[PDB]
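# any chance you can model this:
(chains A and B)
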2 protein chains.
Amino acid sequence: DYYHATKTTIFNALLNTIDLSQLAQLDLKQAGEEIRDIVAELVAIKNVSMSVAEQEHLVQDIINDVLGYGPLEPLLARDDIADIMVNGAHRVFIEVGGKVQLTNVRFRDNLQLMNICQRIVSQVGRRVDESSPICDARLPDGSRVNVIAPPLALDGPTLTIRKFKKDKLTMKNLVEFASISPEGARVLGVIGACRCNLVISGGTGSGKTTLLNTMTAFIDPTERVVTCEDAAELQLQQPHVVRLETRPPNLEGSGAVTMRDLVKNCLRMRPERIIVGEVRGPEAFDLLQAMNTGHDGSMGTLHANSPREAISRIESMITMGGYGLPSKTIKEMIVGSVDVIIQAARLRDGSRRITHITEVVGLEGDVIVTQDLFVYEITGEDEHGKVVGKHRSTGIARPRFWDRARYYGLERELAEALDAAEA
Amino acid sequence: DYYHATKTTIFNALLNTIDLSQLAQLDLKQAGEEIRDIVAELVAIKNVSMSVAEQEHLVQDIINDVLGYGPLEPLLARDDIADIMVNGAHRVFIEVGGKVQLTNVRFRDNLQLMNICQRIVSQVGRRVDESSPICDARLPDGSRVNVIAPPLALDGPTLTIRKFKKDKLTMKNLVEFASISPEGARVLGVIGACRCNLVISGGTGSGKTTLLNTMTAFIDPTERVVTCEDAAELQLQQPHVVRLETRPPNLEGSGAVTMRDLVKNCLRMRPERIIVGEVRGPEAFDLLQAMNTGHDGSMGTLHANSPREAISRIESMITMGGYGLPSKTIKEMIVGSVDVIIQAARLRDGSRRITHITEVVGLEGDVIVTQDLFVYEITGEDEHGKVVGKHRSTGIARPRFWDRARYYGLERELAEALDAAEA
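Residues are numbered from 1 along each chain as shown, chains lettered A, B, ... in the order given. Please see the structure below:
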């Protein structure tokens, strides 16, 4: 029980010796030396029941007070903590492998929590305050963070940090997990190896990136690939790969490298596939040009619920780009570029599936035409609590991209898969 | 093996003797002499397995390290190497006639390579660094260099050097290799020198620029041609050629000269032709002015599949400018300006052919009319699967541009070619 009182006393001693009002003096290393020295002196002269390990913990606590995260660190250090939920200054919950509970860890004042949030979002050039009270971000270490500000959240700031995890699913494993039936697996293998301009839509918490990695695992080795990401998540398994990443705006908000610029420059490096981590703004435009001007195989992910919404969102982005294009031109361009859309989503019971495998057919006036090959038609739910479905097939005798399949001589296997699935 | 260690020892000896800070001290010949002598002496001062030939080779390597481009030079010195792609420090890809191969070449570290890239891009006044990590410029010798710095990239410095090809086909190659029969070839040759406007439409990868270059090959030498392009690709032999190029906008967002401004200005240089590299923005309207106000002989290229689709695209472009023109005056303008719309396409099988040599006849009501002279019809397939067809002339007697061709005494040749086609 001596931890809290002894810590308060030691903090007061350090402040009397070197107080935070002395900012710009006793810098990183100077602090790491002087604070530790004063802590050791206080422990020696001032009797404290804390041990050498406890002395080091108190030293680190003072260091945190100086430039720290706050009391999150003793939590983050663990591994069983799979989620950290703040919900104001007076509460911190955690999930521990299936169970969830409250914790006897708290903040002092909403200033402390607010400052900690501002700092942790400043780690990746993000700032949350009374002007932009919402901030979502992904820290470099891999885990994701979200924060809401006082003006909206009536309980002061609210913050959530989700533990990082690794999937690295493979197409041979997806079939066992019942994500896609084997006929679908072969069809997708053909669609991936055949350099088809596709777009992997997905809904909230659907898990697109895993699917995108699983699909790009089909590319032929020699092809010079080029990605454009914001977090460095993927793991390509090909020899000839070039990676990239944007650089957010500096503290002054200047000299930023938006994904648009990365794409516009990747257009000039002689790439064969321009994979993209996600689509957020007018960069879609450039990517669509890459989909069209002889870079056949470009992938990409955007946040949409169903394909006939994904198309509308693409059009809305292009319009927002501020180019002045009439809508009909945008529809013509999309119909020309895109070739396949794989819409994956999470059903009610929490599973993950692939609900649609659609092909853009053409334009007829002001309506785009789609010919969904597959649809995960829901059939029911079992007594054990998990939904049941089946991968029905519309069984089109010859999909649009048949020509490509021919050019690579893989058409026969695709035909076999269709025949099996058509029945 | 021992070349690495011997080179390391000799390089340390050279730095001790002459430091890179001594640049311009012991000027180029002076360096090649003094450093060579120092290396020769250190060969005996410090024992090494290198013989006299080894001494000379290591002297050359030291010289290249002092000023040279390093292991790039053995490649860049060659001619049968098209593109060089450097990712990281332990990977360099070279393109050799339509294929990529991974080099056995290496480097020392990433900072080495980054300084080398800075040297390479210094030649055009540009600068690449952590503050402007994107560089794209045309080296004076003609090649095009694009470099992305490791602040954006991950594996290391990203470098792409694209060499200017010198192999651009003439009509002879196209005719001989199943692109156009001696009928269409001679018709196009008559169309070229006859100073007839035209708008070459093309499909994805249909190879528009090659056709455009071949057509321009026939232009009259004594005409003041004034190209315009987004990136140097055309190659003309006429004595009188002014070449212009757009300037891509910089990251800061200022100092950009688009194709529109360039054509606006080319209208005021007393030209006698205009050859636009590709017509994408609204610049089409200005180009049409050149087709109209006594600059007969303009050209262009645009993206489309069907000549009617090409004309629809041109109307869309003209409307994009927002000048407020109605929808009928645009059609009047396009009917009075254009005089040939050639369509070249890529066969489904994986080969290219020239398809349409359509013209523009007039405006009947509110729709444009065409009188397609030549065509290419898909008979079927061979035992191997390649598409086959025939180049056919519909048999028109006096084309619209015939009157114009009357001036240049080509009429007899055109009549003869069409007659031979009709036979």
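# so which bits of stretch A:245-263 are buried?
Going by neighbour count (16 or more other Cβ atoms under 10 Å in any protein chain shown), the buried part of stretch A:245-263 is A:245, A:246, A:247, A:257, A:258, A:259, A:260, A:261, A:262, A:263. From N, CA and C alone the C-beta is placed, and that goes for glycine too.
# what residues does the stretch 301-423 of chain A put near chain B?
Proximity of the stretch 301-423 of chain A to chain B, by Cβ under 8 Å from any Cβ of the partner chain, involves residues A:324, A:325, A:326, A:329, A:403, A:406, A:407.
# now name the helix or strand holding the fifth one.
The reference is to residue A:403. In the assignment (DSSP states H and E), residue A:403 maps to helix A:402-407.
# quick check: buried residues in stretch A:360-374?
Here stretch A:360-374 shows A:360, A:368, A:370, A:372, A:373, A:374 as buried, counting by 16+ other Cβ under 10 Å.
# isn't the fourth one up against residue A:360?
Right, residue A:372. No: Residue A:372 sits out of contact with residue A:360 when judged by Cβ atoms under 8 Å, with a separation of 10.8 Å.
# could you find the closest non-adjacent residue to residue A:125?
residue A:248 (4.3 Å; Cβ to Cβ, 6 or more residues apart in numbering or on different chains).
# now residue A:182: how far from residue A:188?
Separation of residue A:182 from residue A:188 (Cβ to Cβ, to the nearest Å) stands at 10 Å.
# more neighbours: which of those two?
Neighbour count, other Cβ atoms under 10 Å in any protein chain shown: between residue A:182 and residue A:188, residue A:188 has more, with 24 against 14.
# SS state for the more buried one?
helix (DSSP: H, G, I helix; E, B strand; the rest coil).
# so what's residue A:422 up against?
Shown in contact with residue A:422 (Cβ atoms under 8 Å, 6 or more residues apart in numbering or on different chains): A:393, A:395, A:397.
# please read the previous query as pertaining to residue A:336.
residue A:292.
# again, 10 Å this time
Shown in contact with residue A:336 (Cβ atoms under 10 Å, 6 or more residues apart in numbering or on different chains): A:197, A:288, A:291, A:292, A:360, A:362, A:363, B:203, B:204, B:303, B:305.
# with residue A:184 instead?
Contacts for residue A:184 (Cβ under 10 Å, 6+ apart) come out as A:174-175, A:191, A:342, A:354, A:357, A:373-374, A:376, A:391, A:393, A:417, A:421.
# likewise for residue A:73?
Counting by Cβ under 10 Å, 6+ apart, residue A:73 has contacts A:60, A:61, A:64.
# so it belongs to a helix, correct?
Yes: counting by three-state DSSP, residue A:73 is part of a helix.
# most neighbours, which of the contacts of residue A:73?
Using other Cβ under 10 Å as the neighbour criterion, residue A:61 leads those with 19 neighbours.
# next one: that one from chain B, what distance?
35 Å (Cβ to the nearest Cβ, to the nearest Å).
# where exactly do the helices run in the stretch 201-350 of chain A?
Along the stretch 201-350 of chain A, counting by DSSP state H, counting those that start in this stretch, helices occupy A:208-216, A:259-266, A:283-292, A:307-320, A:327-337.
# who wins for proximity to residue A:154 among the ones you listed?
Closest to residue A:154 of those, according to Cβ to Cβ: helix A:307-320, at 31.8 Å.
# which bits of the stretch 51-200 of chain A sit near chain B?
Taking Cβ under 10 Å from any Cβ of the partner chain as the criterion, chain B has no neighbours within the stretch 51-200 of chain A.
# find the closest residue to chain B in the stretch 51-200 of chain A.
In the stretch 51-200 of chain A, the residue that lies nearest chain B is residue A:197 (10.4 Å; Cβ to the nearest Cβ).
# was I right to think that residue contacts residue A:294?
No: between residue A:197 and residue A:294 there is no contact under Cβ atoms under 10 Å: 11.2 Å.
# which of those two has more neighbours?
Using other Cβ under 10 Å, the more surrounded residue of residue A:197 and residue A:294 is residue A:197, with 23 against 11.
# how far does the lengthiest helix in chain A sit from the chain's center?
When chain A is scanned for its longest helix (criterion: DSSP state H), the result is helix A:28-45. Offset of helix A:28-45 from its chain centre (Cα atoms, centre = their mean, to the nearest Å): 41 Å.
# can I get that helix in PDB, CA atoms only?
This file holds the C-alpha atoms of helix A:28-45, laid out as PDB (Å, rounded to 0.1, in the frame of the first residue of the first chain):
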ATOM      1  CA  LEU A  28      15.800  13.800 -22.500                       C
ATOM      2  CA  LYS A  29      19.200  12.500 -21.300                       C
ATOM      3  CA  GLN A  30      19.700  15.200 -18.600                       C
ATOM      4  CA  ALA A  31      16.300  14.200 -17.200                       C
ATOM      5  CA  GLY A  32      16.900  10.500 -17.500                       C
ATOM      6  CA  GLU A  33      20.000  11.100 -15.300                       C
ATOM      7  CA  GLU A  34      18.900  13.800 -12.800                       C
ATOM      8  CA  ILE A  35      15.400  12.300 -12.100                       C
ATOM      9  CA  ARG A  36      17.000   8.900 -11.400                       C
ATOM     10  CA  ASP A  37      19.700  10.500  -9.200                       C
ATOM     11  CA  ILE A  38      17.100  12.500  -7.200                       C
ATOM     12  CA  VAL A  39      15.000   9.300  -6.800                       C
ATOM     13  CA  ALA A  40      17.900   7.300  -5.500                       C
ATOM     14  CA  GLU A  41      18.800  10.200  -3.100                       C
ATOM     15  CA  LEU A  42      15.200  10.400  -1.800                       C
ATOM     16  CA  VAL A  43      15.000   6.600  -1.400                       C
ATOM     17  CA  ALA A  44      18.300   6.700   0.500                       C
ATOM     18  CA  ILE A  45      17.600   9.600   2.800                       C
END
